[PDB]
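Here is the structure we will look at.
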Amino acid sequence: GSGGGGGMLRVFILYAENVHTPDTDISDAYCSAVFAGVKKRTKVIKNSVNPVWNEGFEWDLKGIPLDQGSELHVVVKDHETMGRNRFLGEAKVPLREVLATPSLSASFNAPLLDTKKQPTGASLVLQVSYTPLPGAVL
């Protein structure tokens, strides 16, 4: 039913432009979105400047409502030809805006950046939707 606390977040990855790795090439291009402590990952795209996943993730928020400080941190995890990539391209999507709108659905363009704002130059575009759940307790 629609009982419980109520709440669910749904993000859909459209595409990404200028995705380049500091490695000699790209081994495994997949986005790993971290929200509410949930490690979500999408399909693995091959080496290309524009991978494009066209896939989405889901987060159960029933029992734990979101706030203005609620946002999603997504890291693009590629497999280094040697060991591993600590950082590659990170984007933080302020989900406060999707819940602050009565439409509960909006597209965001989160660039993979750092303190220099010039680490990748890649832009991750996604569509976020908030799934309304009443939380029928009584």
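Residues are named by chain letter and number: chains run A, B, ... in the order of the structure tokens, numbers start at 1 in each chain, and ligands are numbered from 1 in the order shown.
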
Problem set entry | Surrounding residues of region 6-8 of chain A excluding itself and chain neighbours under 6 positions, 8 Å, only C-alpha atoms, as an MDAnalysis selection string | chainID A and resid 58:65 130:135

Write out as a Markdown table the residues of region 42-77 of chain A that have any atom within 12 Å of an atom of region 93-115 of chain A, one row each with the nearest atom pair and its distance in Å to one decimal, counting only C-alpha atoms, sorted by chain and then rising number.
```
| residue | atom | partner | partner_atom | distance |
| --- | --- | --- | --- | --- |
| A:65 | CA | A:99 | CA | 10.2 |
| A:66 | CA | A:96 | CA | 7.8 |
| A:67 | CA | A:96 | CA | 6.5 |
| A:68 | CA | A:96 | CA | 4.8 |
| A:69 | CA | A:96 | CA | 6.7 |
| A:70 | CA | A:96 | CA | 5.8 |
| A:71 | CA | A:94 | CA | 4.4 |
| A:72 | CA | A:93 | CA | 5.0 |
| A:73 | CA | A:93 | CA | 6.4 |
| A:74 | CA | A:93 | CA | 7.9 |
| A:75 | CA | A:112 | CA | 8.1 |
| A:76 | CA | A:112 | CA | 8.5 |
| A:77 | CA | A:112 | CA | 11.8 |
```

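The residue that comes closest to residue 92 (chain A), out of A:21, A:123, A:29, A:46 and on the basis of only C-alpha atoms, is A:123.
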
For this session: Identify, with DSSP run on backbone atoms, the residues in chain A assigned to strand (DSSP E or B), and express the list as number ranges by chain.
Result: A: 8-17, 29-35, 38-41, 45, 55-60, 71-77, 90-94, 105-111, 123-131

Would you list the contacts of residue 45 (chain A) as a short mmCIF file (atom, residue, chain, number, x, y, z; two decimals) with C-alpha atoms, in the first residue's frame, taking every protein, DNA or RNA residue within 12 Å and counting only C-alpha atoms, but skipping same-chain residues closer than 3 positions in sequence?
```
data_model
loop_
_atom_site.label_atom_id
_atom_site.label_comp_id
_atom_site.auth_asym_id
_atom_site.auth_seq_id
_atom_site.Cartn_x
_atom_site.Cartn_y
_atom_site.Cartn_z
CA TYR A 15 23.84 11.95 -21.15
CA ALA A 16 27.19 13.53 -20.48
CA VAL A 19 33.77 12.93 -20.54
CA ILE A 26 38.64 5.18 -20.90
CA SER A 27 38.13 1.71 -19.55
CA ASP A 28 34.71 1.68 -17.87
CA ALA A 29 32.46 4.72 -18.07
CA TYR A 30 29.70 4.46 -15.49
CA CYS A 31 28.12 6.94 -13.13
CA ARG A 41 25.52 2.60 -10.33
CA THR A 42 24.46 2.56 -13.92
CA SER A 48 33.94 7.86 -25.84
CA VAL A 49 33.73 11.61 -25.25
CA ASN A 50 29.94 11.26 -25.02
CA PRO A 51 29.05 7.93 -23.33
CA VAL A 52 25.31 8.38 -22.69
CA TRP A 53 23.64 5.99 -20.29
CA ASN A 54 19.89 6.72 -20.65
CA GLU A 55 19.35 4.87 -17.38
CA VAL A 76 32.03 8.85 -12.49
CA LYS A 77 34.07 5.77 -11.74
CA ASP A 78 36.50 4.63 -14.42
CA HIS A 79 38.94 1.76 -14.20
#
```

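Note that the spacing between CA of residue 86 (chain A) and CA of residue 39 (chain A) amounts to 15.9 Å.
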
Problem set entry | alpha helix (DSSP H) positions in region 8-135 of chain A, given as a ChimeraX atom specification | /A:96-99

For N, CA, C and O atoms, I'd like the residues from the last selection saved as a short mmCIF file (atom, residue, chain, number, x, y, z; two decimals), in the first residue's frame.
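Final file, again-v3.cif:
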```
data_model
loop_
_atom_site.label_atom_id
_atom_site.label_comp_id
_atom_site.auth_asym_id
_atom_site.auth_seq_id
_atom_site.Cartn_x
_atom_site.Cartn_y
_atom_site.Cartn_z
N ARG A 96 17.11 19.73 -3.42
CA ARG A 96 16.24 20.62 -2.69
C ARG A 96 15.27 21.33 -3.64
O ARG A 96 14.15 21.66 -3.26
N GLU A 97 15.70 21.53 -4.87
CA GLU A 97 14.89 22.22 -5.87
C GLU A 97 13.75 21.35 -6.40
O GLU A 97 12.66 21.85 -6.69
N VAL A 98 13.98 20.04 -6.51
CA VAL A 98 12.96 19.14 -7.06
C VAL A 98 11.80 18.95 -6.08
O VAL A 98 10.66 18.73 -6.49
N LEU A 99 12.09 19.02 -4.80
CA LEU A 99 11.07 18.89 -3.78
C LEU A 99 10.42 20.24 -3.48
O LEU A 99 9.32 20.30 -2.94
#
```

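For the atom pair formed by CA of residue 17 (chain A) and CA of residue 36 (chain A), the distance is 26.4 Å, given to one decimal.
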